[PDB]
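To start, the structure under review is shown below, and the notes come after it.
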Amino acid sequence: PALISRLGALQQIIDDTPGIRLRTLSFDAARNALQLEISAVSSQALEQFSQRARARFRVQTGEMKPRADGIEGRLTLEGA
Amino acid sequence: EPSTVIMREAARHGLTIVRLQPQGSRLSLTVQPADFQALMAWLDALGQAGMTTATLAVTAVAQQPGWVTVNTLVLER
Amino acid sequence: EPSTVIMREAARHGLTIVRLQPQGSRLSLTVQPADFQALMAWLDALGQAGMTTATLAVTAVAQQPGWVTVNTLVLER
Amino acid sequence: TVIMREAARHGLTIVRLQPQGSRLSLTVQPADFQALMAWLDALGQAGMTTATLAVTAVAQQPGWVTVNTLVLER
């Protein structure tokens, strides 16, 4: 279950990074779409502690489509 | 017996089910604010028992670091 | 909606439902060992919501002061 | 401005460069995502942060994305 089972650690190592926090998460098996929503709790930590994170995806069986960043302490991932 | 296994495992992971309403082969669940890790452990356990997560939408509780509200949750056999 | 009101109130009173199986216009419930006071509060609340206790059989847990197993419980609307 | 010099230093190209006051709207060619981030992080150093960034992972890509939107500020 490479889709479901990778949530959790995925949540933690995000929430563990000094500066940011997983705000919102959505999964639809039918549409195969994992929408993530990461937020800032600082002032430029969403770019710094981020480049790193796209090494974490693509070491299991990934799903990465787009990644929108709109500086409303806002970063919208899709693992579809 | 699907509802029973869902509820027994829920209790085993510290979670509280409030609503358990079928659509058909799928059950729409309403769940109280939960530790996200516990939620996943629970769903993963259910996955091993043949009920897979069809839909899941959660939002972080802003003042509680590991916790989420469960907005949507639908299981399917 | 009978199952929903049962479950919501269960959570409100610190109780855990394991089984919720109908047998015609009445629901047979299986409940985890509980504080008797909480159990009564719960059933009393359900009574106010239009689900009356049709059957109830409980035994004290030895050696837990205040606690009972719910041996039989059948609700009716 | 050293947007263009750093772009070259990290492989691949800026195509269009329109201001709208203290912010620059860029169009950028499909890039290795890692290189893109290195570039933006370099630009971050000494001023000039990423205001907006929207990317799609162009199909059959060991690490590549198209840059749909990009706006820098400062």
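Residue names in the structure tokens use chain letters A, B, ... in the order shown, residue numbers from 1 in each chain, and ligand numbers from 1 in the order shown.
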_Residues within 10 Å of residue 60 (chain A), please, as a PyMOL selection string. Count only C-alpha atoms; anything in the same chain fewer than 4 positions from it doesn't count._
chain A and resi 2-3+6+56
*Can you pull out every residue within 10 Å of region 29-39 of chain C, counting only C-alpha atoms, but drop anything in the same chain fewer than 2 positions away, and send it as a ChimeraX atom specification?*
/B:4,8,11 /C:6,10,12-22,26-27,41-45,58-61,64-75
_chain B: residues DSSP assigns to alpha helix (DSSP H), reported as a PyMOL selection string_ = chain B and resi 2-12+36-48
_Need the shell around residue 19 (chain D): protein/DNA/RNA residues with any atom at most 10 Å away, counting only C-alpha atoms. Skip same-chain ones fewer than 5 positions apart. Format as a PyMOL selection string?_
chain D and resi 24-26+71-73
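Using only C-alpha atoms, the smallest distance between any of D:65, D:48, D:70, D:31 and residue 13 (chain D) comes from D:31.
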*What lies within 9 Å of residue 47 (chain D) using only C-alpha atoms, ignoring chain neighbours under 2 positions off, as number ranges by chain?*
D: 43-45, 49, 73-74
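Coordinates place CA of residue 9 (chain D) at a distance of 24.8 Å from CA of residue 68 (chain A).
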*Report as a VMD selection string the set of chain D residues whose atoms approach chain A to within 6 Å, with distances computed over only C-alpha atoms.*
chain D and resid 51 to 57
So that I have them on file, write out the residues from the current selection with C-alpha atoms, as an mmCIF file, in the first residue's frame.
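Final file, selection.cif:
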data_model
loop_
_atom_site.group_PDB
_atom_site.id
_atom_site.type_symbol
_atom_site.label_atom_id
_atom_site.label_comp_id
_atom_site.auth_asym_id
_atom_site.auth_seq_id
_atom_site.Cartn_x
_atom_site.Cartn_y
_atom_site.Cartn_z
ATOM 1 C CA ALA D 51 6.957 35.366 -4.150
ATOM 2 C CA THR D 52 5.052 32.874 -6.322
ATOM 3 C CA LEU D 53 6.031 29.533 -7.897
ATOM 4 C CA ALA D 54 3.860 27.026 -9.798
ATOM 5 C CA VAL D 55 5.407 23.966 -11.451
ATOM 6 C CA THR D 56 4.223 20.768 -13.163
ATOM 7 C CA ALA D 57 6.350 17.620 -13.460
#
*Give me every strand (DSSP E or B) residue in chain D, going by DSSP on the backbone, as a ChimeraX atom specification.*
/D:14-19,23-28,31-32,49-56,64-73
Output for the residues just chosen: C-alpha atoms as an mmCIF file, in the first residue's frame:
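And here is the file that came out, result.cif:
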data_model
loop_
_atom_site.group_PDB
_atom_site.id
_atom_site.type_symbol
_atom_site.label_atom_id
_atom_site.label_comp_id
_atom_site.auth_asym_id
_atom_site.auth_seq_id
_atom_site.Cartn_x
_atom_site.Cartn_y
_atom_site.Cartn_z
ATOM 1 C CA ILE D 14 15.017 32.840 -18.695
ATOM 2 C CA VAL D 15 12.837 33.638 -21.733
ATOM 3 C CA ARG D 16 10.646 36.622 -20.638
ATOM 4 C CA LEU D 17 11.251 39.204 -17.885
ATOM 5 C CA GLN D 18 8.432 41.690 -17.165
ATOM 6 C CA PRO D 19 8.366 43.941 -14.048
ATOM 7 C CA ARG D 23 8.461 42.259 -8.435
ATOM 8 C CA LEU D 24 9.554 40.500 -11.656
ATOM 9 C CA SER D 25 7.334 38.017 -13.538
ATOM 10 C CA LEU D 26 9.503 35.374 -15.229
ATOM 11 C CA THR D 27 8.949 32.754 -17.885
ATOM 12 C CA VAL D 28 11.541 29.948 -17.569
ATOM 13 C CA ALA D 31 14.302 22.638 -15.846
ATOM 14 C CA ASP D 32 15.813 20.090 -13.512
ATOM 15 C CA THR D 49 12.901 36.016 -2.609
ATOM 16 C CA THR D 50 10.431 33.794 -4.477
ATOM 17 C CA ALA D 51 6.957 35.366 -4.150
ATOM 18 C CA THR D 52 5.052 32.874 -6.322
ATOM 19 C CA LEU D 53 6.031 29.533 -7.897
ATOM 20 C CA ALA D 54 3.860 27.026 -9.798
ATOM 21 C CA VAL D 55 5.407 23.966 -11.451
ATOM 22 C CA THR D 56 4.223 20.768 -13.163
ATOM 23 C CA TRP D 64 12.229 17.739 -14.462
ATOM 24 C CA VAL D 65 9.401 20.299 -14.257
ATOM 25 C CA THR D 66 7.868 23.056 -16.378
ATOM 26 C CA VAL D 67 7.671 26.450 -14.650
ATOM 27 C CA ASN D 68 4.070 27.611 -15.070
ATOM 28 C CA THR D 69 4.323 30.744 -12.903
ATOM 29 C CA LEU D 70 7.216 32.510 -11.172
ATOM 30 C CA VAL D 71 7.300 35.933 -9.526
ATOM 31 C CA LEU D 72 10.285 37.277 -7.572
ATOM 32 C CA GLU D 73 10.217 40.193 -5.105
#
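Proximity of B:28, B:48, B:53, B:23 to residue 29 (chain A), computed with only C-alpha atoms, is greatest for B:53.
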